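Working notes, beginning with the structure itself.
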Amino acid sequence: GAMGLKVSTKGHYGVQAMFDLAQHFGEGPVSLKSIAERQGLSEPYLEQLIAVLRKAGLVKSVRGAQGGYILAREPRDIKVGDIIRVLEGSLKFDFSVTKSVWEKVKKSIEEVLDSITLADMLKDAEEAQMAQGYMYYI
Amino acid sequence: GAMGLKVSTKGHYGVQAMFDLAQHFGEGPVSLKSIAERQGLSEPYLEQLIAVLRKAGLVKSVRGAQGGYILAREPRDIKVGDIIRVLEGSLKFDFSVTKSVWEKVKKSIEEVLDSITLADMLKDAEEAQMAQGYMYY
Amino acid sequence: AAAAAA
Ligand code: NA
Ligand code: NA
C-alpha cells in the first residue's frame, strides 16, 4: 500500500468468516472446521471470533445433523461496518487541525464499510469469479 | 472508536511537524527544538523524521544564523497524502471479495488525503481557532 | 486496532 494501510487479522478473518457464512446461507448450517478449511484460517482463532459474533447476534448455532453455524440475519441486513463495529472495542483545549484530518479519514472509511453489505459481496463474488463464452467479454 | 482506525506515530508526527512548518513558512526558518516544543514531540524522533522529509525534498535546511528548517515547497503544493507516501515503505489465483473491500477502503483514504493540502490545513486552522464578536456566530 | 495507517 502507498498510504500504508494495514488491516488487522481480526478484521480480515471476521469478514472472511462472515462472507463464507453468507455464501452458504441458503444451503444451511456449516461447521467451523469447514469455514477454516475453505478460508485458510486457524480453527482456534475462528472459534474465538465466532463466539463474539454469536453474542452480537450476527451468527447463530444450530443443533442439527448438519448442525453448525449460520448467519443470524440475512446478508442484505449485515453491513461490513456492522461486523467491524462488533469486533472493535492540568486540562486544556487546543484544537488540532491534524487530528481533524484523521477524523475525515475515519469518516470516509466508515462510509465505505457501511455502503457494502454481505449481499453486495455475494453479488460481486458471482460476477468476478464466473466463466462465460469469450465473445461476451466486452 | 467505531471502526477502530489507529494512526501511526509516524503519520501523526510527520503531519504535525509539516503543518508546524507550514504555519511558519512566511516568517522563515525555525529550529527543530521549537517544533518539538510547540507540538509536544520528542526531539530525537523528530530529527529522524525530518531527515527523511529532507531527503524527499519536502523540507530544507538553511544555514542562516537564526536558521533552521523550512518547507521546500509551498503549502498549496504539498498534499497530506504526499507526506504519508514519503514516510511509508505452489502458486494459484483465487479472487478474494474480502480483499476487494479493503482495496475500496484504501482508495477512499487515498482520496481524502490527496484532497487536503497544507494550505487547506492553514485555512482551516485560521477559521476554527478564531475569536470574534459573539453576534457574528 | 482494526486498521492502521501507515
Ligand atoms: Na465492539
Ligand atoms: Na516512502
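Every chain in the C-alpha cells takes a letter, A first, then B, and so on in the order presented; its residues are numbered from 1, and the ligands are numbered from 1 following the presented order.
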
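A distance cut-off of 12 Å from ligand 1, applied to only C-alpha atoms and all ligand atoms, picks out the residues residues 10, 11, 49, 52, 53, 55, 56, 81, 82, 83, 84, 85, 86, 87, 88 and 89 of chain A; 1, 2, 3 and 4 of chain B; 1 and 2 of chain C.
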
Expected selection as number ranges by chain for ligand 2 within 7 Å, only C-alpha atoms and all ligand atoms: B: 85-89

Would you give me, as a PyMOL selection string, the residues of chain B that come within 8 Å of chain C, using only C-alpha atoms? chain B and resi 3-8+10-11+84+88

Could the residues in this selection be written to a file with N, CA and C atoms, as a PDB file, in the first residue's frame?
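Final output, selection.pdb:
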```pdb
ATOM      1  N   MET B   3     -14.826   2.122  13.874  1.00  0.00           N
ATOM      2  CA  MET B   3     -14.135   1.151  13.036  1.00  0.00           C
ATOM      3  C   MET B   3     -12.797   0.765  13.662  1.00  0.00           C
ATOM      4  N   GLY B   4     -12.348   1.517  14.662  1.00  0.00           N
ATOM      5  CA  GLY B   4     -11.082   1.216  15.304  1.00  0.00           C
ATOM      6  C   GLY B   4      -9.876   1.508  14.423  1.00  0.00           C
ATOM      7  N   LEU B   5      -9.928   2.614  13.690  1.00  0.00           N
ATOM      8  CA  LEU B   5      -8.765   3.073  12.934  1.00  0.00           C
ATOM      9  C   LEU B   5      -7.735   3.601  13.916  1.00  0.00           C
ATOM     10  N   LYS B   6      -6.478   3.214  13.739  1.00  0.00           N
ATOM     11  CA  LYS B   6      -5.406   3.736  14.568  1.00  0.00           C
ATOM     12  C   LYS B   6      -4.403   4.401  13.650  1.00  0.00           C
ATOM     13  N   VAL B   7      -3.956   5.594  14.024  1.00  0.00           N
ATOM     14  CA  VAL B   7      -2.978   6.312  13.233  1.00  0.00           C
ATOM     15  C   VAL B   7      -1.592   6.101  13.844  1.00  0.00           C
ATOM     16  N   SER B   8      -0.619   5.760  13.003  1.00  0.00           N
ATOM     17  CA  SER B   8       0.732   5.513  13.470  1.00  0.00           C
ATOM     18  C   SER B   8       1.353   6.784  14.039  1.00  0.00           C
ATOM     19  N   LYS B  10       4.241   7.735  13.323  1.00  0.00           N
ATOM     20  CA  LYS B  10       4.961   8.425  12.253  1.00  0.00           C
ATOM     21  C   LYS B  10       4.061   9.290  11.380  1.00  0.00           C
ATOM     22  N   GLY B  11       2.838   8.832  11.138  1.00  0.00           N
ATOM     23  CA  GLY B  11       1.908   9.620  10.349  1.00  0.00           C
ATOM     24  C   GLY B  11       1.489  10.840  11.143  1.00  0.00           C
ATOM     25  N   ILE B  84       2.465  11.264   3.723  1.00  0.00           N
ATOM     26  CA  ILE B  84       2.286   9.862   4.102  1.00  0.00           C
ATOM     27  C   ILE B  84       3.049   8.918   3.162  1.00  0.00           C
ATOM     28  N   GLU B  88       5.991   6.193   4.288  1.00  0.00           N
ATOM     29  CA  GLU B  88       5.712   4.759   4.192  1.00  0.00           C
ATOM     30  C   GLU B  88       6.696   4.024   3.265  1.00  0.00           C
TER      31      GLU B  88
END
```

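The interatomic distance for the pair atom CA of residue B:33 and atom CA of residue A:104 works out to 29.5 Å.
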
Members of stretch 32-105 of chain A assigned helix (DSSP H, G or I) by DSSP, as number ranges by chain: A: 32-39, 43-55, 75-77, 80-87, 97-105

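Each of A:136, A:13, A:45, A:19 was compared to residue A:120 using only C-alpha atoms, and A:19 turns out to be the nearest.
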
Select, as JSON, numbers by chain, those residues of chain B with any atom no more than 9 Å from chain A (distances computed using only C-alpha atoms). {"B": [1, 2, 3, 4, 5, 7, 12, 15, 16, 19, 80, 81, 84, 85, 86, 87, 88, 89, 94, 95, 96, 97, 98, 99, 101, 102, 104, 105, 106, 108, 109, 110, 112, 113, 116, 121, 122, 124, 125, 128, 129]}

What does the structure give for the distance between atom CA of residue A:58 and atom CA of residue A:70, in Å to one decimal? 8.9 Å
